[PDB]
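Asks: One structure, as structure tokens, below. Some questions next.
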Amino acid sequence: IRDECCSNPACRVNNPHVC
């Protein structure tokens, strides 16, 4: 299991400074 939600633009927009 692995996902670059950190670098992910959508993830970053949805979850800011979460990573």
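Residue names in the structure tokens use chain letters A, B, ... in the order shown, residue numbers from 1 in each chain, and ligand numbers from 1 in the order shown.
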Within 8 Å of stretch 14-19 of chain A, counting only C-alpha atoms, which residues qualify if same-chain residues fewer than 4 places away don't, as JSON, numbers by chain?
Replies: {"A": [5, 6, 10]}
Asks: Among the residues of chain A, find those DSSP assigns to alpha helix (DSSP H) from the backbone and print them as number ranges by chain.
Replies: A: 9-14
